[PDB]
Structures are given as C-alpha cells and as structure tokens.
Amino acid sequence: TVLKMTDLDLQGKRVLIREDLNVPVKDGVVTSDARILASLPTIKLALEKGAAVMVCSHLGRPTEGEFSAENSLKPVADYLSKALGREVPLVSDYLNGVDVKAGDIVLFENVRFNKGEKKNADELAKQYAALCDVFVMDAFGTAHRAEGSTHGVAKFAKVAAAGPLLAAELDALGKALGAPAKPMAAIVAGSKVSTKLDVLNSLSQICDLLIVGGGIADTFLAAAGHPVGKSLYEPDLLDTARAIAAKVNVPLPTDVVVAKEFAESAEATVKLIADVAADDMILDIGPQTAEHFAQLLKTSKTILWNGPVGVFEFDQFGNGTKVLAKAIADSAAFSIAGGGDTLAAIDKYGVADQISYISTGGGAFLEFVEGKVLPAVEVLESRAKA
C-alpha cells in the first residue's frame, strides 16, 4: 500500500507534486491538453487542502544540463494560469530555494533540464526533497522509470504519498489484473511478438480469451500453418506462440482484409485465411472474424484492450477495429484500455465514455501488465510503513 495525498493534513505545508504534463506543444502553445485536464483535480485539491503547491513535470527529452526553449514548460504555465483563473508562475531556478506561500502555486521548469534527473542522482533527489514537506507522485506514465523527480525525491522527502490520479490508475489496473471478474478477455496487438513477449505471457495465465492483432496475429497465424503473405512475422518465435496458444485460447481469424499495395488503384479484398497470396498484405481482420470476435467479447466480465486489429487509420482497413471498439463499448464488462494506438482508436470511433478506465500510462501501463515492479510505486510503499 501507499500513502494517499487525500488522507494527509496539508494545511500550510509545502507540497511538491510530480505530474505528467508532457503535452504536445507547437510554437509555445499547448495543442492537446488531456494530460493537464487529468491533473487539474489533484492541483485544485492540494490548494483546497491549504498547501503551498509546487508542480513539477517533464517535457520532451531535452539534453540534460542545457536549457532548450522548445522543451520549456512555459506554455503549460500559460495554460494552468487560464485554467485556475490566477497567475501560475514558471520558476526556472528553484533547486537552491523557492518562495511559495500557502495558497499559492508555482510550476517548476522542466525536470529533465536538471543534471542527474535521468540517472536518479542522490544529490538532485535531496534538493527536491529539501524544497517540500510532502512529495506527491501523481504521474503514472513515468512510474516505470527511476528518476530524480519520480523516485529519488520519494526516498528523502519527509512524507511521500500517491496522488489521486496515480491511486486511480493503480486501482483500475489491480481490478483487471488481480483476480479479475471471469471470463476475462484481452486484446493485444503490435508489430512483433518479441517486443510484447512479457505482455503476452503475463496475460496468457490471467485471461480466458486472448485476441491478437497486427504483426502479433501474423506470427500466431503462421504458427498454425496458415499463409500470411507479405506480412511480418517472426520465425524464431512460432514455438513461443504455440506455447501461448496451448495455455490460453487464442482464436485465429476466419477472414482477413488484404491489399497488394497502398495506391489509388489498390482494391482492399476480403479473403479467407487459406486464400492469402504471397504478395498480399494482411491489414485488417475480415468482417466474419470481426463479428465472431465481437460475440466472444460480449459476455466478458473484464476486458483488457491493448491495440487495434488493423491499420485503422485507413477506413478500408478500419472495420475490424471499429467493430471491436463498439463490442467493447456495448459490453457490460469492466473495460481497461492502454497504449497510444488504442487511445487513438478510442478517439476515432468515439467510445471513450463507454470504456471503464482509459490508462494514459503507455510504457508504464505495459510493464504493470507484465507484472514488473514499478520503481515509483516501490519507493512509495517503502515510505508507507509504520
């Protein structure tokens, strides 16, 4: 367990909150604010509880030690000022002290500018901790990496707790991965079985139904001796795919959508899996497979969604993902989705409000599903003991 910011007395205390404000910026303007909107309840709560609030976050991947204006959090300070109806200053020099009174809030400049951030140097971690009475970790999307603002500061802060956003992510994930409501289905897609091997292996013992898509589905199709044509699969992993399919039910596609090239004179063709030619590219599941997979998902009590089942950004290759998105949305299951590709499909087909939990954790989301120890959560558990 971890301490919760909601349960702490923050009246007059200096609270340092690590948020995930790594948002798209163009010419000094935030262009999509979903991550800031998600963090605003935490910030407003901290102020409501009477704290002197310091918000910190990363942005992009600048070179450590050198200031780069394109990686500055100044556009987020502009956004936060408009969002809170009050000035939110960007403090660019803070590791040797920062002046913040109770009721006020500042935004630290990009933590990735600070030397020692990526390698979690003790000296920088103690500088963060010296600036606050409480440290709050509220950035799940960075919880899988030990960095000065995500891990080290929690070793040295007088009090270290999880924010309500991080606590919400951990609640939803534990609901789907710790004794989930059966039957559980998972959808896993990607270009390579090898790159998602631990994800597949972990889910293979958790779920009752494993739907695969993309290049992963190619390797499983070829592992059953089916022709995939000009579609990437990994010959050194068909044995692994066979082992996975022996441990969990992996239904294979009945039909697929193929095309010989991306061109104006390129017809998308539905073919049965035995009828795929050497120069065919499998780019979606067929309408029969999409309907059958939808019927399998409809009675699930838990659904873990990690990937579309076709190159859905093309409408001619997006039917399989569209049908599955509606199937998940229509189902009464507890639905949890993660991965940038999955969230992109959720936006395109408009099912966000019908998904039980939408994780923005990306790589950290996957590593949690793999069963790996997330260091930012591990250090918080160390600070939650009597």
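We number the residues from 1 along the sequence you see.
Higher average CA B factor: 176-184, of the stretches 136-144 and 176-184. If you average the C-alpha B-factors over 234-242 and over 202-210, the higher value belongs to 234-242. Of the candidates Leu21, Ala364, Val15, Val373, the PDB record gives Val373 the highest C-alpha temperature factor.
Going by the entry's values, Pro227 shows the largest Cα B-factor out of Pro227, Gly163, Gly310, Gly152. Among the modelled residues of its chain, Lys49 has a C-alpha B-factor that falls in the lowest third according to the deposited record. In the deposited entry, the Cα temperature factor of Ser72 sits in the middle third of values across the chain's modelled residues. Ranked by C-alpha B-factor against the other modelled residues of its chain, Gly190 falls in the middle third.
Ranked by Cα temperature factor within the chain, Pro89 sits in the middle third according to the deposited record. Sort the chain's modelled residues by C-alpha temperature factor and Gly286 lands in the highest third, per the entry.
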